[PDB]
Each structure stands twice: as structure tokens, then as C-alpha cells.
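J.: generate coordinates for the sequence data below:
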Amino acid sequence: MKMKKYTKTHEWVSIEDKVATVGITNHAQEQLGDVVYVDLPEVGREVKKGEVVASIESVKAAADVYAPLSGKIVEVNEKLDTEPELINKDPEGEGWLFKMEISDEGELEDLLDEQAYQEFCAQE
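T.: Residues are numbered from 1 along each chain as shown. And now the structure:
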């Protein structure tokens, strides 16, 4: 009833019922810093498990956030519109980027768990 997988692009997912809350992880805010902005999707767009629908420009850099599953966007974190620094604050608490209705909960297992993701950062 709670379920959290992770991607290869330092992003985490949060399935509860039918909606997966996305955010970038601590390893991501480490490279940008103080951000400046987030490029959030529209609250009704369809996406794939590799679609840059949550880009992050910063004070002078970028990061393409390639989405975790297919499914359709249905919430976005309007906090990050005005406090794009929230990924620093708690990347994996309130620095979430978007949410999407999942279609294929059978694809979650084919992504990385938390410790497998930690190890994926130990190969950088």
C-alpha cells in the first residue's frame, strides 16, 4: 500500500493507491545546488519511463529528469514554482517534482529499489 522505486536519473517514485509521487534524490541536489526553477509537466499529460517532463534549470545549469514509469500526470509540486530550493531541503520529502496515475504497476519491479539505487550512486 506504500511503494517506492527509483530510476537511473537520480529520481524516486511514490506509489500509494494509484498515483506515484516523483522527486529527484539527494545525489541530484548535490550537483546543482540553490536551484532557481523547475520545468513541471501539465496535470493531464501522458508520459513514458524515459521522458524529460520534469527538467530543472538552476542559477547556471540544467538537469533533464527522465520520468520513472509510463502513465499520465495528475498532480505537480507548485511549491517548487516559488521555492525550487525544496529539493535541497528534503529531496525525498517535500522536494517532490510531480505525480502521475500509473498504468503498469508491473513495471515498478523492473526499476531500482532504494539500496540498489544507493549502490547505483556508488558506481559514480
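
J.: residue boundaries of the helices in the chain?
T.: 26-32, 86-89, 114-121 (DSSP state H).

J.: for the last one, which outside residues touch it?
T.: Helix 114-121 has contacts (Cβ atoms under 8 Å, 6 or more residues apart in numbering) with 4, 6, 8, 10, 12, 25, 27, 112. The C-beta positions use only the backbone N, C-alpha and C, and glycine is treated the same way.

J.: kindly recompute the last result at 6 Å.
T.: Helix 114-121 is contacted from outside by 6, 27, 112, using Cβ atoms under 6 Å, 6 or more residues apart in numbering.

J.: ok, the first one touching residue 20?
T.: Translated: residue 6. No: Residue 6 is beyond contact range of residue 20, at 11.6 Å (criterion: Cβ atoms under 6 Å).

J.: okay, these two: which has more neighbours?
T.: Comparing residue 6 with residue 20 by neighbour count (other Cβ atoms under 10 Å), the higher total belongs to residue 20, at 26 against 22.
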